[PDB]
Participant: 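Before we start, here is the structure in question, set down as structure tokens.
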Amino acid sequence: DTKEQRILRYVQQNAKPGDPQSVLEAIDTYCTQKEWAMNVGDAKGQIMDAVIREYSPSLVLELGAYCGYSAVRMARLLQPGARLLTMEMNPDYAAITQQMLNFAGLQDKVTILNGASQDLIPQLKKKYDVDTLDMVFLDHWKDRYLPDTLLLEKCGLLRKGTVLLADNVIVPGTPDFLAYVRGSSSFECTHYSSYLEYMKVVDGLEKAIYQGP
Ligand SMILES: Nc1ncc2ncn(CCCCCNC(=O)c3cc(-c4ccc(F)cc4)cc(O)c3O)c2n1
Ligand SMILES: [Cl-]
Ligand SMILES: [Cl-]
Ligand SMILES: [Mg+2]
């Protein structure tokens with residue numbers, strides 16, 4: 001089997017069904033004690049939680065679900081009726097994510113879209129009935145943060161106040177995205193310094209609030 005299958009099995013055998021917090025703790029324990037994996041982790045996850053609670057978004061888009069760790073983290077804090085759309089282009093990872101959400105009991109709040117951001121973002125309005133997004137969590141290929149931000153704008157998916165929250169802006173880094181949003185009058189940016197998941201290595205999240213064209 002794969003590392004992702006091992007993470008899922010570990011959750012299934014060490015967390016409580018329908019208890020998202022137990023799911024997060026099981027993933028973090030596995031990834032600390034057994035095998036590192038690119039989940040956002042608890043350090044940056046706590047900052048994510050604070051952001052989600054501040055904004056109480058009704059409709060969130062995630063780019064790059066992986067195993068569903070961040071999807072569980074966000075979805076467990078959403079208000080009744082609020083929704084997460086999470087994109088994962090790797091079909092094996094998309095299946096892990098679905099099963100993770102199912103175990104956590106969050107499947108009614110989340111729709112896992114198996115495809116690439118460049119193909120799916122232009123379909124969001126017509127195919128997934130989206131008007132505008134309240135928040136976007138960027139966690140996919142780091143060289144896609146900037147083009148997909150620009151694509152979301154082109155497609156009319158951002159409104160005044162839409163919160164972009166970007167993982168890994170330090171490691172592996174997203175220098176073009178950071179330079180762009182920090183220099184643009186269309187974004188109000190805040191950096192949240194933290195640590196790479198499961199490691200004593202500095203990383204951070206960037207929040208970039210869209211201000212309109
Ligand atoms: N276009 C499109 N559309 C949709 C999609 N769905 C999935 N993908 C592709 C996602 C591929 C994984 C992206 N994430 C990372 O590479 C990542 C890496 C590290 C890391 C690694 C090694 C180190 F030594 C240190 C840090 C840490 C992180 O937290 C990361 O998130 C998509 N792409
Ligand atoms: Cl994650
Ligand atoms: Cl961590
Ligand atoms: Mg990441």
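Along the sequence shown, residues are numbered consecutively beginning with 1. Only this structure's heavy atoms are used, side chains among them; waters, hydrogens and symmetry mates stay out. As the structure lists them, so they are numbered: ligands from 1, and atoms in each ligand from 1.
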Participant: Report yes or no: do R6 and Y10 form a side-chain donor-acceptor pair below 3.5 Å?
Facilitator: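 Per modelled atom types, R6 and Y10 side chains form no pair under 3.5 Å.
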Participant: Would the distance check show the side chain of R144 and the main-chain N or O of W141 forming a donor-acceptor pair, the cut-off being under 3.5 Å?
Facilitator: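 Flag not set: sc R144 to bb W141 has no pair under 3.5 Å.
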Participant: Do you see a protein non-hydrogen atom under 4.0 Å from atom 13 (C) of ligand 1?
Facilitator: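 Yes, because at least one protein heavy atom sits under 4.0 Å from atom 13 (C) of ligand 1.
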Participant: Answer with yes or no whether the side chains of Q123 and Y128 bring together a donor and an acceptor at under 3.5 Å.
Facilitator: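 Per modelled atom types, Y128 and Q123 side chains form no pair under 3.5 Å.
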Participant: Are any of the heavy atoms in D167 under 4.0 Å away from ligand 1?
Facilitator: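 Contact present.
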Participant: Under 2.8 Å from the Mg ion (ligand 4), is there any N, O or S atom belonging to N39?
Facilitator: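 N39 does not place any N, O or S atom closer than 2.8 Å to the Mg ion (ligand 4).
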Participant: Would you say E188 has more than 12 foreign heavy atoms packed within less than 6.0 Å of its CD?
Facilitator: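 Result for CD/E188: open.
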Participant: For atom 1 (N) of ligand 1, state whether the nearest protein heavy atom is under 4.0 Å away.
Facilitator: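 Yes, there is one.
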Participant: Just by distance, do the side chain of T162 and the backbone of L133 share a donor-acceptor pair under 3.5 Å?
Facilitator: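 Answer holds: yes.
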Participant: Which residue is it: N39, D28, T97? I am looking for the one with a side-chain hydrogen bond (donor to acceptor under 3.5 Å, both in side chains) to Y69.
Facilitator: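 With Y69 as partner, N39, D28, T97 yield a single side-chain hydrogen bond (donor to acceptor under 3.5 Å, both in side chains), made by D28.
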Participant: Treating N168 as the side-chain partner and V171 as the backbone partner, does any N or O pair qualify as donor plus acceptor under 3.5 Å?
Facilitator: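 Yes, because the side chain of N168 sits within donor-acceptor range (under 3.5 Å) of the backbone of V171.
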Participant: Kindly say whether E197 contributes a backbone atom to a donor-acceptor pair with the side chain of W36 at under 3.5 angstrom?
Facilitator: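 Pair found, side chain donor or acceptor close to backbone of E197.
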Participant: Check whether any N, O or S atom of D167 sits under 2.8 Å from the Mg ion (ligand 4).
Facilitator: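 Within the cut-off used here (under 2.8 Å), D167 does place an N, O or S atom near the Mg ion (ligand 4).
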Participant: Near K125 NZ, under 6.0 Å, is it more than 12 heavy atoms from other residues, nucleotides or ligands?
Facilitator: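 Yes, enclosed.
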Participant: When you look for heavy atoms under 4.0 Å from ligand 1, do you find them on the side chain of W36, its backbone, both, or neither?
Facilitator: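 Contact part for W36 vs ligand 1: side chain (C-beta onward).
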Participant: How does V40 reach ligand 1, if at all, at less than 4.0 Å between non-hydrogen atoms: by side chain, backbone, both, or neither?
Facilitator: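 For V40, there is no contact with ligand 1 at all, from either part.
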Participant: One residue to check: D148. Relative to ligand 1, which of side chain, backbone, both or neither has a non-hydrogen atom less than 4.0 Å away?
Facilitator: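 It is neither; nothing of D148 touches ligand 1.
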Participant: Considering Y198, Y93, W141, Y66 one by one, which has a heavy atom nearer to atom 9 (C) of ligand 1 than any of the others?
Facilitator: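 Comparing heavy atoms across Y198, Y93, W141, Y66, the nearest one to atom 9 (C) of ligand 1 lies in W141.
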Participant: Between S22 (side chain only) and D19 (backbone N and O only), is there a donor and an acceptor less than 3.5 Å apart?
Facilitator: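 Judged by distance alone, yes, a pair lies under 3.5 Å.
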Participant: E197 to ligand 1: N or O pair under 3.5 Å?
Facilitator: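 For ligand 1, there is an N or O atom that lies under 3.5 Å from one belonging to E197.
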Participant: Taking atom types as modelled and ignoring hydrogens, do the side chains of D148 and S117 form a donor-acceptor contact shorter than 3.5 angstrom?
Facilitator: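 Result is yes, a qualifying pair exists.
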Participant: Mark up the atoms of ligand 1 that fall under 4.0 Å of a heavy atom belonging to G64, in ascending order.
Facilitator: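 Checking each atom against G64, I get 6 (N), 7 (C).
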Participant: Check whether any heavy atom of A65 sits under 4.0 Å from an atom of ligand 1.
Facilitator: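 No, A65 has no heavy atoms under 4.0 Å from ligand 1.
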Participant: Taking only heavy atoms of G115 into account, list the atoms of ligand 1 that are under 4.0 Å away from them.
Facilitator: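 By the 4.0 Å cutoff, the relevant atoms are 4 (C).
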Participant: Any N/O of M89 closer than 3.5 Å to an N/O of ligand 1?
Facilitator: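 N/O-N/O distance below 3.5 Å exists for this pair.
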Participant: In ligand 1, which numbered atoms sit nearer than 4.0 Å to a non-hydrogen atom of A116?
Facilitator: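 The list of qualifying atoms is 3 (N), 4 (C).
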Participant: Could you verify whether a donor N or O on one side chain and an acceptor N or O on the other, from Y55 and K207, lie under 3.5 Å apart?
Facilitator: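 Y55 vs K207: donor-acceptor pair found between side chains.
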Participant: Can you pull out the closest protein heavy atom to atom 15 (C) of ligand 1? Residue, atom name and distance to 0.1 Å, please.
Facilitator: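 Its nearest protein heavy-atom neighbour is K142 CE, 3.5 Å.
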Participant: May I ask whether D139 has any heavy atom positioned less than 4.0 angstrom from an atom of ligand 1?
Facilitator: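 Within the 4.0 Å threshold, so yes.
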Participant: What do you reckon, does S117 have a nitrogen or oxygen under 3.5 Å from a nitrogen or oxygen of ligand 1?
Facilitator: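 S117 vs ligand 1: N/O contact under 3.5 Å present.
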Participant: Which residue and non-hydrogen atom of the protein lie closest to atom 7 (C) of ligand 1, and at what distance in Å?
Facilitator: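 Residue, atom and distance for the closest contact: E88 OE2, 3.3 Å.
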Participant: Tell me which part of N168 gets within contact of ligand 1: side chain, backbone, both or neither, using heavy atoms under 4.0 Å.
Facilitator: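 Just the side chain.
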Participant: So does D129 have more than 12 non-hydrogen atoms from other groups sitting under 6.0 Å from CG?
Facilitator: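 No, the 6.0 Å shell around CG holds no more than 12 heavy atoms from other groups.
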Participant: Hey, does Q118 come in under 3.5 Å of ligand 1, counting only N/O atoms on both sides?
Facilitator: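 Yes, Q118 has an N/O under 3.5 Å of an N/O on ligand 1.
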Participant: Rounded to the nearest 10 degrees, what's the angle OD1 of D139 makes with OD1 of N168 at the Mg ion (ligand 4)? Could you check?
Facilitator: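 So the angle at the metal works out to 90°.
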